[PDB]
Amino acid sequence: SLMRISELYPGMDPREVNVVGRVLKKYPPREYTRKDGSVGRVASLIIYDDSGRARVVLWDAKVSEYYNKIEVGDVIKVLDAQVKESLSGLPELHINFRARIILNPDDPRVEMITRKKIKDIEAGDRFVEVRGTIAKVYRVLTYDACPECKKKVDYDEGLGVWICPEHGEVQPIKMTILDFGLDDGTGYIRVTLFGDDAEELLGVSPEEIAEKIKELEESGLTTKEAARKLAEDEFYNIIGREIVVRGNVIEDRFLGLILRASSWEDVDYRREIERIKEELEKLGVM
Amino acid sequence: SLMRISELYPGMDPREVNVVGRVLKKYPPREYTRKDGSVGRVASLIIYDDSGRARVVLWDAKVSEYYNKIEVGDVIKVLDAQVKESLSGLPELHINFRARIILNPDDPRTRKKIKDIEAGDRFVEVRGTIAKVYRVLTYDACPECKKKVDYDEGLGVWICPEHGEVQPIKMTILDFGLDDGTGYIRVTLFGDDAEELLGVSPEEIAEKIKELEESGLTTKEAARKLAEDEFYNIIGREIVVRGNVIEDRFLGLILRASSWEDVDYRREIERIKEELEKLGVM
Amino acid sequence: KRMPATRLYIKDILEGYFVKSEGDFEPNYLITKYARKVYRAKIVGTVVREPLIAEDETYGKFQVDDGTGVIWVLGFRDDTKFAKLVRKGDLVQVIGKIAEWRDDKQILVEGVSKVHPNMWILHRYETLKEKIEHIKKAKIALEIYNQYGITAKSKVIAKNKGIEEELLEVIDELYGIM
Amino acid sequence: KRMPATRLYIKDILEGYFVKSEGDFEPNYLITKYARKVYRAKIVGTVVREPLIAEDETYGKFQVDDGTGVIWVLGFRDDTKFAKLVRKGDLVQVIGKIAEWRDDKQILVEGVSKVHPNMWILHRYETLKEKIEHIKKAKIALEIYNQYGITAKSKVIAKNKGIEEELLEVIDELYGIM
Amino acid sequence: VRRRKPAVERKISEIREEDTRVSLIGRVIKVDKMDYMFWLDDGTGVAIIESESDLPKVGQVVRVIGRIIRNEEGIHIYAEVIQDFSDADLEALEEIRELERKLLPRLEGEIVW
Amino acid sequence: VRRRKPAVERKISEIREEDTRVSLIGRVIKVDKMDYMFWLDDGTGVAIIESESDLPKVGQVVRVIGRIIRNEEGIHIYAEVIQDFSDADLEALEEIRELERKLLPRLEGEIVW
DNA sequence: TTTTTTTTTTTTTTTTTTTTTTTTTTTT
Ligand SMILES: [Zn+2]
Ligand SMILES: [Zn+2]
């Protein structure tokens, strides 16, 4: 079969299931309770081919039959397995009575192991890719955040500790906030980057930003005033840079559409030129 | 003839008797009284060859004919003599009318099932499973008679009642039971045969017996303990034992095994095929 | 006295009728479907699983398969040593007392030792020979029992035909069980 | 609202018609020869001279050449910082408001940053694509204007042909200028 | 209660569909030390024996007790027990297998209570 | 009022007599570190580039903007700007130069007021 | 041919901070 892990989908015919993968992870076998009250065994592995990864779940006698025979780095071939949706929406291979596994198979596969213009953007838009120029820098600042939920933590002066409303006493991490604007030639949209993505774009450490914010606040400025000042005085160099942002669009009750960018990346010029060539062909140029 | 003195037996055919021997001893001629009341003569000599010694008894005219002609160191050839059992159970050569002597001759010189076994049985072959291990121990023995030797604290030497001051050898004793499917019998192996079955040296067994005795156990208690604790692995093994059956006044039939050997499976299968043919299978 | 260990197929032990002696000193025995009174068993098979030794060393056990059946072999206290001797895959000969636990017959190990593959062949030959010998004798004894029962006349007739008196009692006991 | 920065050739800015809004809050804009209303400009060129920073730091300026024209880029007061960023020879992308000083169009710097040579190529491709798109739309809008002018009927016809209502007003304003 | 099914003695050519655990006796002709598999020839056929840990030697006579695995690639035996049958009299074994085949059903059928 | 003439994009082989400031793109083949001159090859020819301060490396792809100097020794370019064009897709640049050559004159000529 | 002597038997098991969007004019 030429089938790849990327082609698996939940509820696909087990008779079509024929994939190979190298074992990346093996988890310990576990007990589980059956509907009849008895106790069975279940064990999970993670495998991958040239296309992607899949969880492989060995059930009951399949654990005794194969689990100790498999090791990390080995390749297995999986046949006739049921495909289920994992808790993260991804395909998993269930090795029940019907399924088979071939250890280190003889198989040829073994050796191989949305763009939207700003003018079209709407409120609540999800997974939008926008390529444009950084046009304005609103605010640059850092706040103490919980390392788990990334929410703002409060300093308790009575106990001398940092308190997260969700996780209690935590060790705070410095979270960077970058608010700017982006222009694509057909529209303008506000953009917000957080932590590691913002630090990567700014090219300055969050600890260094915190020190500069402190100097500004000591001079008689509030947190709001100091954040706007640092963006204009030190991070104005970022304006004019062409970037690709991906995120979801939320509508602020006065600020308008704000693009909460999950990631940013440098422009792939050949990809962009190909998009333009498509548009030129539509106009009757080529 | 190639016959040796060691091959003589009482009542053997005098026509087969043909031995040579050097004269070791000559006793004086004596008179003896005949059944008819007359008086005869009899004289005895001791001769030996490369195999053993024999008393030679010259009767009546054979004394006059040969006695003075023979001397110590001379070799004689004895023919056609009657062989009798001496008072010590050994063969003697009787030189009567029929016999001849040549002075300084020119001469170059059964499978039985345990259910069928009885007390006093001799040369019995029994194939069965080792079922129990009674005792494993070693004792100091005489290298000649293999009997238990006594240590004398006054002289610091080992004394054998039969051979005197001797160098003791360690003798292994293995007492176990054997089962053949039709019966059960006690078995005893000695020395080299027992060591071969146990797969442990007698010196090593003596050391283990010493450790057990030091702990507060007697020789009897230590022998039973070592058999159960270390030699229990021998149980379940199929073997062939050969020996004589003696009846103990309370322990019952004990098979004193002269030898033991591994089972010849093809020989045993052939015996079973014979039994199957008798049942109308083949 | 010490009665014999009977060479049998595991199937014959498993299908038998265990008899618990009410006396604290009387030996337990089994009566096979072919009216064979068995006090001790002698079997030859393969150890199919790695032995089971209880952590507290109170018991040790191992499984033996001979082709006709599968039986457990148990050693208690220091007798756990017997189970430690064997390993998964060993071809062994076992002698012991027949026991019944949870209505399943088993063997209380008296001895276990590794055997040559030709011993397994010898065992099969002996087992079949003894089985035929016993069945033919029990068939004649059953006819005597159905005609006369357990009487002084039937005991004389049984001796004349090479049948032991005990065999008629085993038939009567088996009829009482069934 | 915040209208878009239009990607154009420097020549198109230079040849345009600057429109000064009379209101103190209204944004100034430019109308190109192809009837394109431009509030902000987005250009990609090379800095041809070392920047000019006034000694008193009141203004900072730098020159950009794109092959089709040469334009000055100005930053005032603290915005002088933009001119300090660049150096002679840098290949940069500039966004800003179009201004006219001494009847010469220029760019009031909003942002300037160094770009990869492939960005200059991407800029040329986008500039040409947008130009063709605009010209074809303006040609149809000009025919509508010559036939009907700025009427309720012409606005409906313009929407049907994918033309914005604002485009007809730009044509009328351009005719008034010329 | 899934009691352990005794290994059914078979020849490679006589393996049945309903058989789940078998006992085969043959000679090793090929050993794959990477996929842990070996080729067993008994005279009646060749079976592919998948082993977990014990790999025999080429030319060794062995007895295998294993579970039968039926897949799209064929029928292979997942070996549970592999014993050295190098000194075993297979002629005698064959003779006793025939004796059991003939006499065992007759002995059971003689019971007329 | 001598306003700065924009750099005219040319190939070395297409340089015209009337050209005073040009933009050339090529690979450096030789650098004279004493006379501050370097040899630029674009595929269509080789031009001698006289530099004031910036000297590129041999084998480096560079874009040069310079004034043309016409003397008895030949035509050399007095380099004003030298940019690193090492990662530049010259295939794409060549394609856009041809698109501009074809379409720009047609777009200007479409104006019928 | 040997040491030393009391035979055998039952029963026991496990996703974030904090919130008011954009805009003109100034140039040696
Ligand atoms: Zn938290
Ligand atoms: Zn002695």
# chains A, B, ... in the order shown; residues from 1 in each chain; ligands from 1
>>> residues_near_ligand(ligand="ligand 1", cutoff="7 Å", atoms="only C-alpha atoms (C1' of nucleotides) and all ligand atoms", output="list in words")
residues 146, 147, 148, 149, 150, 151, 164, 165, 166 and 167 of chain A
>>> write_last_selection(atoms="N, CA and C atoms", output="mmCIF file, in the first residue's frame")
data_model
loop_
_atom_site.group_PDB
_atom_site.id
_atom_site.type_symbol
_atom_site.label_atom_id
_atom_site.label_comp_id
_atom_site.auth_asym_id
_atom_site.auth_seq_id
_atom_site.Cartn_x
_atom_site.Cartn_y
_atom_site.Cartn_z
ATOM 1 N N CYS A 146 1.418 33.844 35.067
ATOM 2 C CA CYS A 146 1.483 32.491 35.589
ATOM 3 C C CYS A 146 2.102 31.628 34.512
ATOM 4 N N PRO A 147 3.040 30.748 34.876
ATOM 5 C CA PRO A 147 3.661 29.880 33.859
ATOM 6 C C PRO A 147 2.723 28.822 33.242
ATOM 7 N N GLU A 148 1.572 28.565 33.875
ATOM 8 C CA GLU A 148 0.626 27.590 33.358
ATOM 9 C C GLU A 148 -0.462 28.201 32.487
ATOM 10 N N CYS A 149 -1.250 29.127 33.038
ATOM 11 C CA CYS A 149 -2.345 29.736 32.293
ATOM 12 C C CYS A 149 -1.962 31.032 31.566
ATOM 13 N N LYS A 150 -0.750 31.575 31.830
ATOM 14 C CA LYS A 150 -0.213 32.806 31.252
ATOM 15 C C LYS A 150 -1.029 34.047 31.616
ATOM 16 N N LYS A 151 -1.840 33.982 32.685
ATOM 17 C CA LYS A 151 -2.642 35.120 33.123
ATOM 18 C C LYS A 151 -1.866 35.963 34.125
ATOM 19 N N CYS A 164 -1.615 33.370 41.622
ATOM 20 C CA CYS A 164 -2.383 33.201 40.412
ATOM 21 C C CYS A 164 -3.775 32.814 40.870
ATOM 22 N N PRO A 165 -4.814 33.496 40.382
ATOM 23 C CA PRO A 165 -6.181 33.146 40.810
ATOM 24 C C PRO A 165 -6.599 31.710 40.476
ATOM 25 N N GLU A 166 -5.953 31.080 39.489
ATOM 26 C CA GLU A 166 -6.282 29.720 39.082
ATOM 27 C C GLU A 166 -5.347 28.678 39.658
ATOM 28 N N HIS A 167 -4.060 29.011 39.831
ATOM 29 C CA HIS A 167 -3.089 28.015 40.283
ATOM 30 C C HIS A 167 -2.457 28.282 41.661
#
>>> select_by_dssp(residues="range 11-94 of chain C", states="helix (DSSP H, G or I)", output="compact mmCIF listing (two decimals) with N, CA, C and O atoms, in the first residue's frame")
# COMPACT_ATOMS: atom_id res chain seq x y z
N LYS C 11 -4.78 -36.32 31.11
CA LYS C 11 -6.22 -36.43 30.84
C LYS C 11 -6.90 -37.43 31.77
O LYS C 11 -7.96 -37.16 32.30
N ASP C 12 -6.26 -38.58 31.99
CA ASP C 12 -6.79 -39.62 32.86
C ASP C 12 -6.85 -39.17 34.32
O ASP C 12 -7.76 -39.58 35.05
N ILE C 13 -5.90 -38.32 34.75
CA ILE C 13 -5.92 -37.80 36.10
C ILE C 13 -7.04 -36.79 36.20
O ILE C 13 -7.88 -36.92 37.07
N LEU C 14 -7.10 -35.84 35.25
CA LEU C 14 -8.10 -34.78 35.22
C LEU C 14 -9.53 -35.29 35.19
O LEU C 14 -10.38 -34.80 35.92
N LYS C 81 11.38 -25.35 46.62
CA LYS C 81 12.67 -25.62 45.98
C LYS C 81 12.51 -26.37 44.68
O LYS C 81 13.26 -26.10 43.76
N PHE C 82 11.52 -27.28 44.61
CA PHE C 82 11.19 -28.08 43.43
C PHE C 82 10.79 -27.18 42.26
O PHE C 82 11.24 -27.39 41.13
N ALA C 83 9.97 -26.17 42.53
CA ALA C 83 9.54 -25.23 41.51
C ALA C 83 10.69 -24.35 41.06
O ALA C 83 10.69 -23.94 39.91
N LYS C 84 11.64 -24.02 41.94
CA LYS C 84 12.78 -23.19 41.58
C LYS C 84 13.71 -23.91 40.61
O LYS C 84 14.35 -23.24 39.79
N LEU C 85 13.77 -25.26 40.68
CA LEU C 85 14.61 -26.09 39.81
C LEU C 85 14.28 -25.96 38.35
O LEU C 85 15.19 -25.99 37.51
>>> residues_near_ligand(ligand="ligand 2", cutoff="12 Å", atoms="only C-alpha atoms (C1' of nucleotides) and all ligand atoms", output="PDB file with N, CA, C and O atoms (P, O5', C5', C4', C3', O3' and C1' of nucleotides), in the first residue's frame")
ATOM      1  N   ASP B 140      35.192 -42.099  56.854  1.00  0.00           N
ATOM      2  CA  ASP B 140      36.568 -42.481  56.547  1.00  0.00           C
ATOM      3  C   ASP B 140      36.621 -43.999  56.415  1.00  0.00           C
ATOM      4  O   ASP B 140      36.176 -44.707  57.315  1.00  0.00           O
ATOM      5  N   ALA B 141      37.104 -44.493  55.271  1.00  0.00           N
ATOM      6  CA  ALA B 141      37.165 -45.925  54.980  1.00  0.00           C
ATOM      7  C   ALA B 141      38.581 -46.432  54.648  1.00  0.00           C
ATOM      8  O   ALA B 141      39.444 -45.661  54.230  1.00  0.00           O
ATOM      9  N   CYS B 142      38.807 -47.734  54.835  1.00  0.00           N
ATOM     10  CA  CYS B 142      40.082 -48.352  54.512  1.00  0.00           C
ATOM     11  C   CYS B 142      40.145 -48.477  53.006  1.00  0.00           C
ATOM     12  O   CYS B 142      39.171 -48.885  52.383  1.00  0.00           O
ATOM     13  N   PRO B 143      41.287 -48.140  52.399  1.00  0.00           N
ATOM     14  CA  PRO B 143      41.395 -48.259  50.934  1.00  0.00           C
ATOM     15  C   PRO B 143      41.383 -49.702  50.390  1.00  0.00           C
ATOM     16  O   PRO B 143      41.155 -49.910  49.193  1.00  0.00           O
ATOM     17  N   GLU B 144      41.595 -50.697  51.262  1.00  0.00           N
ATOM     18  CA  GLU B 144      41.590 -52.088  50.838  1.00  0.00           C
ATOM     19  C   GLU B 144      40.241 -52.770  51.012  1.00  0.00           C
ATOM     20  O   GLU B 144      39.673 -53.250  50.032  1.00  0.00           O
ATOM     21  N   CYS B 145      39.728 -52.825  52.242  1.00  0.00           N
ATOM     22  CA  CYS B 145      38.462 -53.497  52.510  1.00  0.00           C
ATOM     23  C   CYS B 145      37.238 -52.574  52.447  1.00  0.00           C
ATOM     24  O   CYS B 145      36.114 -53.075  52.486  1.00  0.00           O
ATOM     25  N   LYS B 146      37.453 -51.243  52.346  1.00  0.00           N
ATOM     26  CA  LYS B 146      36.422 -50.205  52.287  1.00  0.00           C
ATOM     27  C   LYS B 146      35.564 -50.136  53.552  1.00  0.00           C
ATOM     28  O   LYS B 146      34.467 -49.588  53.504  1.00  0.00           O
ATOM     29  N   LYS B 147      36.051 -50.681  54.678  1.00  0.00           N
ATOM     30  CA  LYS B 147      35.317 -50.648  55.939  1.00  0.00           C
ATOM     31  C   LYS B 147      35.678 -49.400  56.731  1.00  0.00           C
ATOM     32  O   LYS B 147      36.740 -48.828  56.511  1.00  0.00           O
ATOM     33  N   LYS B 148      34.791 -48.966  57.638  1.00  0.00           N
ATOM     34  CA  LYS B 148      34.984 -47.771  58.466  1.00  0.00           C
ATOM     35  C   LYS B 148      36.266 -47.848  59.314  1.00  0.00           C
ATOM     36  O   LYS B 148      36.482 -48.851  59.991  1.00  0.00           O
ATOM     37  N   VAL B 149      37.125 -46.805  59.255  1.00  0.00           N
ATOM     38  CA  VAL B 149      38.370 -46.772  60.029  1.00  0.00           C
ATOM     39  C   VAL B 149      38.229 -45.927  61.279  1.00  0.00           C
ATOM     40  O   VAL B 149      37.463 -44.967  61.299  1.00  0.00           O
ATOM     41  N   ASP B 150      38.962 -46.288  62.334  1.00  0.00           N
ATOM     42  CA  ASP B 150      38.871 -45.586  63.605  1.00  0.00           C
ATOM     43  C   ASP B 150      40.089 -44.694  63.834  1.00  0.00           C
ATOM     44  O   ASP B 150      41.213 -45.119  63.576  1.00  0.00           O
ATOM     45  N   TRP B 158      45.231 -43.586  61.738  1.00  0.00           N
ATOM     46  CA  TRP B 158      43.956 -44.222  61.406  1.00  0.00           C
ATOM     47  C   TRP B 158      44.128 -45.740  61.397  1.00  0.00           C
ATOM     48  O   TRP B 158      45.028 -46.258  60.734  1.00  0.00           O
ATOM     49  N   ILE B 159      43.287 -46.444  62.163  1.00  0.00           N
ATOM     50  CA  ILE B 159      43.373 -47.887  62.316  1.00  0.00           C
ATOM     51  C   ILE B 159      42.192 -48.626  61.727  1.00  0.00           C
ATOM     52  O   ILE B 159      41.053 -48.427  62.137  1.00  0.00           O
ATOM     53  N   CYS B 160      42.486 -49.527  60.806  1.00  0.00           N
ATOM     54  CA  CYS B 160      41.539 -50.426  60.193  1.00  0.00           C
ATOM     55  C   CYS B 160      41.642 -51.716  60.985  1.00  0.00           C
ATOM     56  O   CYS B 160      42.737 -52.244  61.158  1.00  0.00           O
ATOM     57  N   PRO B 161      40.519 -52.265  61.451  1.00  0.00           N
ATOM     58  CA  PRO B 161      40.586 -53.516  62.225  1.00  0.00           C
ATOM     59  C   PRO B 161      41.186 -54.702  61.462  1.00  0.00           C
ATOM     60  O   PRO B 161      41.693 -55.625  62.084  1.00  0.00           O
ATOM     61  N   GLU B 162      41.162 -54.664  60.123  1.00  0.00           N
ATOM     62  CA  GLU B 162      41.693 -55.745  59.301  1.00  0.00           C
ATOM     63  C   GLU B 162      43.084 -55.466  58.768  1.00  0.00           C
ATOM     64  O   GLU B 162      43.846 -56.409  58.578  1.00  0.00           O
ATOM     65  N   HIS B 163      43.401 -54.201  58.462  1.00  0.00           N
ATOM     66  CA  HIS B 163      44.688 -53.889  57.845  1.00  0.00           C
ATOM     67  C   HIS B 163      45.637 -53.019  58.691  1.00  0.00           C
ATOM     68  O   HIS B 163      46.744 -52.724  58.249  1.00  0.00           O
ATOM     69  N   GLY B 164      45.234 -52.670  59.903  1.00  0.00           N
ATOM     70  CA  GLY B 164      46.066 -51.878  60.804  1.00  0.00           C
ATOM     71  C   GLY B 164      46.148 -50.408  60.443  1.00  0.00           C
ATOM     72  O   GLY B 164      45.153 -49.812  60.034  1.00  0.00           O
ATOM     73  N   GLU B 165      47.335 -49.814  60.586  1.00  0.00           N
ATOM     74  CA  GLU B 165      47.527 -48.398  60.275  1.00  0.00           C
ATOM     75  C   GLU B 165      47.401 -48.128  58.776  1.00  0.00           C
ATOM     76  O   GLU B 165      48.238 -48.562  57.991  1.00  0.00           O
ATOM     77  N   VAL B 166      46.331 -47.441  58.379  1.00  0.00           N
ATOM     78  CA  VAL B 166      46.072 -47.161  56.970  1.00  0.00           C
ATOM     79  C   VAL B 166      45.848 -45.661  56.712  1.00  0.00           C
ATOM     80  O   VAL B 166      45.581 -44.888  57.645  1.00  0.00           O
ATOM     81  N   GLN B 167      45.947 -45.259  55.426  1.00  0.00           N
ATOM     82  CA  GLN B 167      45.649 -43.902  54.996  1.00  0.00           C
ATOM     83  C   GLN B 167      44.185 -43.920  54.567  1.00  0.00           C
ATOM     84  O   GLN B 167      43.815 -44.640  53.641  1.00  0.00           O
ATOM     85  N   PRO B 168      43.322 -43.200  55.293  1.00  0.00           N
ATOM     86  CA  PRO B 168      41.890 -43.255  54.985  1.00  0.00           C
ATOM     87  C   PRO B 168      41.457 -42.538  53.711  1.00  0.00           C
ATOM     88  O   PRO B 168      42.018 -41.515  53.323  1.00  0.00           O
ATOM     89  N   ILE B 169      40.433 -43.093  53.065  1.00  0.00           N
ATOM     90  CA  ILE B 169      39.820 -42.525  51.875  1.00  0.00           C
ATOM     91  C   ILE B 169      38.366 -42.147  52.213  1.00  0.00           C
ATOM     92  O   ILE B 169      37.742 -42.816  53.037  1.00  0.00           O
TER      93      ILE B 169
ATOM     94  P    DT G   1      30.459 -61.433  49.716  1.00  0.00           P
ATOM     95  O5'  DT G   1      31.430 -60.393  50.454  1.00  0.00           O
ATOM     96  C5'  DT G   1      31.719 -59.115  49.874  1.00  0.00           C
ATOM     97  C4'  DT G   1      32.347 -58.200  50.917  1.00  0.00           C
ATOM     98  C3'  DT G   1      31.442 -57.123  51.479  1.00  0.00           C
ATOM     99  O3'  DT G   1      31.926 -56.767  52.757  1.00  0.00           O
ATOM    100  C1'  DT G   1      33.160 -56.097  50.258  1.00  0.00           C
ATOM    101  P    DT G   2      30.939 -56.184  53.855  1.00  0.00           P
ATOM    102  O5'  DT G   2      31.463 -54.682  54.011  1.00  0.00           O
ATOM    103  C5'  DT G   2      31.207 -53.957  55.202  1.00  0.00           C
ATOM    104  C4'  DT G   2      31.818 -52.578  55.123  1.00  0.00           C
ATOM    105  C3'  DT G   2      30.966 -51.468  55.706  1.00  0.00           C
ATOM    106  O3'  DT G   2      31.802 -50.441  56.218  1.00  0.00           O
ATOM    107  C1'  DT G   2      31.200 -51.148  53.380  1.00  0.00           C
TER     108       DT G   2
END
>>> interface_residues(of="chain G", to="chain A", cutoff="10 Å", atoms="only C-alpha atoms (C1' of nucleotides)", output="ChimeraX atom specification")
/G:15-21
>>> residues_around(residues="range 89-93 of chain C", least_positions_apart="5", cutoff="9 Å", atoms="only C-alpha atoms (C1' of nucleotides)", output="list in words")
residues 129, 236, 237 and 238 of chain B; 42, 43, 44, 45, 46, 47, 48, 49, 50, 64, 111, 112, 113, 114, 115, 116, 117, 119, 120 and 123 of chain C; 80, 81, 82 and 83 of chain E
>>> write_last_selection(atoms="N, CA, C and O atoms", output="short mmCIF file (atom, residue, chain, number, x, y, z; two decimals), in the first residue's frame")
data_model
loop_
_atom_site.label_atom_id
_atom_site.label_comp_id
_atom_site.auth_asym_id
_atom_site.auth_seq_id
_atom_site.Cartn_x
_atom_site.Cartn_y
_atom_site.Cartn_z
N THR B 129 12.20 -44.59 38.70
CA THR B 129 12.36 -43.18 39.03
C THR B 129 12.87 -43.01 40.44
O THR B 129 12.32 -43.63 41.36
N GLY B 236 13.17 -37.61 40.74
CA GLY B 236 12.45 -37.53 39.46
C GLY B 236 13.22 -38.04 38.25
O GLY B 236 12.68 -38.13 37.15
N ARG B 237 14.51 -38.36 38.46
CA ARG B 237 15.42 -38.88 37.45
C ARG B 237 15.18 -40.39 37.20
O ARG B 237 15.13 -41.15 38.15
N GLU B 238 15.05 -40.83 35.91
CA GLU B 238 14.88 -42.25 35.57
C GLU B 238 16.26 -42.89 35.40
O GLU B 238 17.07 -42.39 34.62
N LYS C 42 2.80 -40.41 37.98
CA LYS C 42 4.09 -40.31 37.33
C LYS C 42 3.78 -39.84 35.95
O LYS C 42 3.19 -40.61 35.20
N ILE C 43 4.07 -38.55 35.63
CA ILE C 43 3.77 -37.90 34.32
C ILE C 43 5.02 -37.29 33.64
O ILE C 43 5.98 -36.92 34.32
N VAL C 44 5.02 -37.18 32.30
CA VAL C 44 6.13 -36.59 31.55
C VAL C 44 5.58 -35.52 30.59
O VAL C 44 4.81 -35.84 29.67
N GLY C 45 5.98 -34.27 30.80
CA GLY C 45 5.52 -33.16 29.98
C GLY C 45 6.46 -31.97 29.91
O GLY C 45 7.60 -32.03 30.38
N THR C 46 5.99 -30.88 29.32
CA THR C 46 6.79 -29.68 29.19
C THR C 46 6.31 -28.60 30.16
O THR C 46 5.09 -28.43 30.37
N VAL C 47 7.26 -27.87 30.78
CA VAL C 47 6.93 -26.76 31.66
C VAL C 47 6.51 -25.65 30.75
O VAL C 47 7.32 -25.23 29.92
N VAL C 48 5.25 -25.22 30.80
CA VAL C 48 4.76 -24.25 29.82
C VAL C 48 4.92 -22.79 30.21
O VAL C 48 4.86 -21.91 29.34
N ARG C 49 5.09 -22.51 31.49
CA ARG C 49 5.22 -21.14 31.96
C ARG C 49 6.36 -21.02 32.94
O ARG C 49 6.63 -21.98 33.67
N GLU C 50 6.97 -19.83 33.08
CA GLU C 50 8.00 -19.62 34.10
C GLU C 50 7.36 -19.90 35.49
O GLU C 50 6.16 -19.65 35.67
N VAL C 64 2.57 -28.21 33.82
CA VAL C 64 3.07 -29.25 32.93
C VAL C 64 2.02 -29.67 31.89
O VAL C 64 0.87 -29.98 32.22
N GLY C 111 8.95 -35.19 43.45
CA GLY C 111 10.15 -35.06 42.64
C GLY C 111 9.90 -34.58 41.22
O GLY C 111 8.92 -34.98 40.59
N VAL C 112 10.81 -33.70 40.71
CA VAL C 112 10.77 -33.18 39.33
C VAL C 112 12.18 -33.10 38.76
O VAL C 112 13.08 -32.53 39.42
N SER C 113 12.40 -33.67 37.56
CA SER C 113 13.72 -33.61 36.94
C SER C 113 13.62 -33.60 35.44
O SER C 113 12.71 -34.21 34.87
N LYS C 114 14.57 -32.89 34.80
CA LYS C 114 14.68 -32.75 33.36
C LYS C 114 14.95 -34.08 32.72
O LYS C 114 15.70 -34.88 33.27
N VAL C 115 14.30 -34.35 31.59
CA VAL C 115 14.48 -35.62 30.89
C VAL C 115 14.90 -35.46 29.43
O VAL C 115 14.67 -34.41 28.83
N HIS C 116 15.51 -36.51 28.85
CA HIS C 116 15.91 -36.50 27.45
C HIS C 116 14.69 -36.69 26.61
O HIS C 116 13.80 -37.42 27.04
N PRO C 117 14.61 -36.11 25.38
CA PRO C 117 13.41 -36.30 24.55
C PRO C 117 12.97 -37.76 24.34
O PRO C 117 11.77 -38.01 24.21
N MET C 119 13.08 -40.06 26.62
CA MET C 119 12.35 -40.43 27.81
C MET C 119 10.88 -40.08 27.60
O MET C 119 10.03 -40.89 27.92
N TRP C 120 10.57 -38.93 26.97
CA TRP C 120 9.18 -38.58 26.66
C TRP C 120 8.55 -39.64 25.77
O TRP C 120 7.43 -40.07 26.03
N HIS C 123 7.97 -42.78 27.86
CA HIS C 123 6.82 -42.50 28.71
C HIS C 123 5.53 -42.76 27.97
O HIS C 123 4.60 -43.33 28.54
N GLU E 80 6.26 -20.56 21.53
CA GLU E 80 6.17 -20.45 22.98
C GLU E 80 7.30 -21.25 23.61
O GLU E 80 7.99 -20.77 24.51
N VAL E 81 7.50 -22.48 23.13
CA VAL E 81 8.55 -23.33 23.64
C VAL E 81 9.32 -23.90 22.47
O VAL E 81 8.71 -24.33 21.49
N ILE E 82 10.64 -23.85 22.52
CA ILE E 82 11.51 -24.41 21.49
C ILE E 82 12.44 -25.33 22.24
O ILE E 82 13.16 -24.85 23.10
N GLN E 83 12.40 -26.64 21.99
CA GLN E 83 13.26 -27.59 22.71
C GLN E 83 14.25 -28.27 21.78
O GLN E 83 13.90 -28.58 20.65
#
>>> interface_residues(of="chain A", to="chain D", cutoff="6 Å", atoms="only C-alpha atoms", output="list in words")
residues 185, 186, 187, 239, 240, 241 and 273 of chain A
>>> write_last_selection(atoms="N, CA, C and O atoms", output="compact mmCIF listing (two decimals), in the first residue's frame")
# COMPACT_ATOMS: atom_id res chain seq x y z
N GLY A 185 -2.22 47.20 1.89
CA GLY A 185 -2.50 47.89 0.63
C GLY A 185 -3.96 48.01 0.28
O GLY A 185 -4.33 48.84 -0.56
N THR A 186 -4.80 47.12 0.88
CA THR A 186 -6.27 47.08 0.77
C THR A 186 -6.96 47.36 2.12
O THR A 186 -8.18 47.46 2.14
N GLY A 187 -6.21 47.45 3.22
CA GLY A 187 -6.79 47.73 4.53
C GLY A 187 -5.77 47.88 5.64
O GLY A 187 -4.59 47.67 5.42
N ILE A 239 8.95 49.49 12.52
CA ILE A 239 8.00 50.00 11.55
C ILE A 239 8.60 49.96 10.15
O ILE A 239 9.77 50.28 10.00
N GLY A 240 7.82 49.55 9.16
CA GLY A 240 8.24 49.44 7.77
C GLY A 240 8.64 48.04 7.32
O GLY A 240 8.90 47.81 6.14
N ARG A 241 8.70 47.10 8.28
CA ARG A 241 9.05 45.72 8.07
C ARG A 241 7.85 44.91 7.50
O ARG A 241 6.76 45.00 8.06
N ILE A 273 5.20 35.92 -4.80
CA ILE A 273 5.31 36.21 -6.23
C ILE A 273 4.40 35.27 -7.04
O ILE A 273 3.76 35.70 -8.00
